[PDB]
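J.: Residue numbers (full-length UniProt numbering), protein chains in the order written: chain P, 2 to 145; chain F, 2 to 145. For reference, the structure I am asking about is given below.
Protein chains: 2
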Amino acid sequence: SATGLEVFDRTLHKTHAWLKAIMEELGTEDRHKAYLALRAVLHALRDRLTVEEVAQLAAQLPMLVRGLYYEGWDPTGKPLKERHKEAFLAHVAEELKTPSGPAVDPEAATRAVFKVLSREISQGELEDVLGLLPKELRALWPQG
Amino acid sequence: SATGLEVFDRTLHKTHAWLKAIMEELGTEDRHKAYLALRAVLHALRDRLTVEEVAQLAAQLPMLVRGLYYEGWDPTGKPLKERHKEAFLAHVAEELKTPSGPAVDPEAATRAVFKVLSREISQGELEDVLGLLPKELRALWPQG
Numbered sequence: 002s003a004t005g006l007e008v009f010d011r012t013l014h015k016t017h018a019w020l021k022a023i024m025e026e027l028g029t030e031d032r033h034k035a036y037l038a039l040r041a042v043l044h045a046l047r048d049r050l051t052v053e054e055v056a057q058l059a060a061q062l063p064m065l066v067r068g069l070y071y072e073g074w075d076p077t078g079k080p081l082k083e084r085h086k087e088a089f090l091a092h093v094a095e096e097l098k099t100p101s102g103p104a105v106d107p108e109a110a111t112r113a114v115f116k117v118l119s120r121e122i123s124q125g126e127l128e129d130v131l132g133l134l135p136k137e138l139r140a141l142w143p144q145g
Numbered sequence: 002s003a004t005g006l007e008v009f010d011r012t013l014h015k016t017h018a019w020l021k022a023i024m025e026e027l028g029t030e031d032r033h034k035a036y037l038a039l040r041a042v043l044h045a046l047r048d049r050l051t052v053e054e055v056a057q058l059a060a061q062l063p064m065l066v067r068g069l070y071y072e073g074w075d076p077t078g079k080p081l082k083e084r085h086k087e088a089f090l091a092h093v094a095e096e097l098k099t100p101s102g103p104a105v106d107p108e109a110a111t112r113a114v115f116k117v118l119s120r121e122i123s124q125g126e127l128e129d130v131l132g133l134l135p136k137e138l139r140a141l142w143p144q145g
């Protein structure tokens, strides 16, 4: 059917749903652009969380997305705490680099992924994550 | 072709290779049994590592396998350090529970997964992991 395993077919189905939603938010037909956005934004968000907070968010992500989320993670480094929007977007931009500028506009990528995340994760986790972020970064989420 | 994304098709291909190797070691045609073995063993091994060591091993796992690896992880708990084989196998057995006994023999599952892991991860990571384990647990790996 797909992978020969129901568990993997299930996570692929969920991940496809996430990417499709991100594509609609971005207004693009390029699947790879949506993937890059998901990857860059999850990593930037992850780096602002403590080890405990990182795992708590991971529990709300589909298996395949969780693997992407943890890619390149350095748990020994102090969580990033820059207060301004530009600092956060610069980190997102770092993983959207291509031969000619950012693959996707950093803010657009961030708003699209945060929108999809807010609809997919539990309200409890959403409120927890928002409470850990500065005002300028909370503004990037649909809740404001 | 599979997921519509080369990055995901690639991790599915690698994960399929891992599971196929585990199936051969177990001598089974049941793909789900190999999955359960991979899941139960990775989790038992993961729980004996510090947060830094957990992420270091994660870097050697294919994206999809990494998502499975991190499933249900509690980074706040002190790493398990039981010295005897029975203690470790009991933890592996905890995630192999089915309506009628273990899905796969705990030791067989452990030896199969450790064998595949030793062939897939870097020699440096293998030596590091072995050095963190008690003699009775190192005996479960092909190196001894």
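Just so it is clear, CB atoms sit at the ideal spot from N, CA and C, and this is done for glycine as well.
Would you call the CB atoms of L43 of chain P and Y70 of chain P closer than 7 angstroms?
T.: For this step, residue 43 of chain P is matched to residue 42 along the first sequence. For this step, residue 70 of chain P is matched to residue 69 along the first sequence. Yes, the pair counts as a contact, with Cβ atoms nearer than the cut-off.
J.: Taking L97 of chain P and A41 of chain P to be in contact with their CB atoms under 8 angstroms, please state how far apart those CB atoms are, rounded to whole angstroms.
T.: Translated into the one-based positions of the first sequence, residue 97 of chain P becomes position 96. Translated into the one-based positions of the first sequence, residue 41 of chain P becomes position 40. Going by Cβ atoms, the distance from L97 of chain P to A41 of chain P rounds to 5 angstroms, so yes, they are a contact pair.
J.: Rounded to whole angstroms, what is the Cα-Cα separation between residue 1 of chain P and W142 of chain P?
T.: With chain P represented from 2 up to 145, any question about residue 1 of chain P goes unanswered, as that position is not in the structure.
J.: Tell me whether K34 of chain P is buried or exposed, calling it buried when 16 or more other Cβ atoms sit within 10 Å of its Cβ.
T.: Position 33 of the first sequence holds residue 34 of chain P. Burial call: buried.
J.: Can the beta-carbon of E128 of chain P be found less than 7 angstroms from the beta-carbon of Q61 of chain P?
T.: In the first sequence, counting from the first residue as 1, residue 128 of chain P sits at position 127. In the first sequence, counting from the first residue as 1, residue 61 of chain P sits at position 60. For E128 of chain P and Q61 of chain P, no; Cβs fall outside 7 angstroms.
J.: Starting from the C-beta of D10 of chain F, find all residues in its chain whose C-beta is less than 8 angstroms away, skip the five residues before and the five after it, and write them out in chain order.
T.: Within the second sequence, numbered from 1, the residue matching residue 10 of chain F stands at position 9. Within the same chain, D10 of chain F has close Cβ partners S2, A3 and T4.
J.: Closest Cβ-Cβ distance between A113 of chain P and chain F: below 7 angstroms?
T.: Position 112 of the first sequence, counting from 1, holds the residue named residue 113 of chain P. Taking Cβ atoms only, chain F never reaches closer than 7 angstroms to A113 of chain P, which makes this a no.
J.: Check whether the segment 131-141 of chain P and the segment 77-95 of chain P are in contact - that is, three or more C-beta pairs closer than 8 angstroms.
T.: Yes: at least three Cβ pairs fall under 8 angstroms.
J.: Can you have a look at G102 of chain P and say buried or exposed, based on whether 16 or more other CB atoms are within 10 angstroms of its CB?
T.: As a first step, residue 102 of chain P must be located in the first sequence, where it is residue number 101. It is exposed - the Cβ of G102 of chain P has fewer than 16 other Cβ atoms within 10 Å.
J.: In chain order, what residues of the same chain lie with their CB nearer than 6 angstroms to the CB of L81 of chain F, ignoring the 5 residues before and after it?
T.: For the purposes of this step, residue 81 of chain F is taken as the residue at position 80 of the second sequence. Within the same chain, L81 of chain F has close Cβ partners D48 and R49.
J.: Measuring only between beta-carbons, confirm whether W74 of chain F sits less than 7 angstroms from chain P.
T.: One-based indexing of the second sequence puts residue 74 of chain F at position 73. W74 of chain F counts as touching chain P.
J.: Identify whether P107 of chain F lies in helix, strand or coil by the three-state DSSP scheme.
T.: Here residue 107 of chain F corresponds to residue number 106 of the second sequence, with the count starting at 1. Here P107 of chain F sits in helix by DSSP.
J.: Which ranges does the beta strand (DSSP E) cover as unbroken runs of at least 3 residues, wholly within the segment 2-86 of chain P, from first to last along the chain?
T.: Correct list: empty.
J.: Can you give the beta carbon distance from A38 of chain P to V105 of chain P, rounded, assuming they're within the 8 angstroms contact cut?
T.: For this step, residue 38 of chain P is matched to residue 37 along the first sequence. For this step, residue 105 of chain P is matched to residue 104 along the first sequence. Indeed, because the Cβ distance is near 5 angstroms, the residues count as touching under 8 angstroms.
J.: Strictly under 7 angstroms for the Cβ-Cβ distance: is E53 of chain F near chain P by that measure?
T.: Translated into the one-based positions of the second sequence, residue 53 of chain F becomes position 52. It does: the Cβ of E53 of chain F has a partner Cβ on chain P nearer than 7 angstroms.
J.: How would you list, in chain order, the residues of chain P whose beta-carbon sits under 7 angstroms from the beta-carbon of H44 of chain F?
T.: Taking the second sequence and counting its residues from 1, the one referred to as residue 44 of chain F is at position 43. Result: empty, since nearest Cβ-Cβ is about 13 angstroms, beyond 7 angstroms.
J.: Alpha carbon to alpha carbon, what distance is there between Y36 of chain F and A110 of chain F?
T.: Start at 1 with the first residue of the second sequence, and residue 110 of chain F comes out as number 109. Start at 1 with the first residue of the second sequence, and residue 36 of chain F comes out as number 35. C-alpha separation (whole angstroms): 10 angstroms.
J.: Any idea what DSSP makes of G125 of chain P, helix, strand or coil?
T.: Here residue 125 of chain P corresponds to residue number 124 of the first sequence, with the count starting at 1. In this structure, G125 of chain P counts as helix in the three-state DSSP scheme.
J.: Residues in the same chain with beta-carbon distance under 6 angstroms from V66 of chain F, minus the five sequence neighbours each way, listed in chain order, please.
T.: On the second sequence, position 65 is the one that residue 66 of chain F refers to. Correct list, in chain order: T16.
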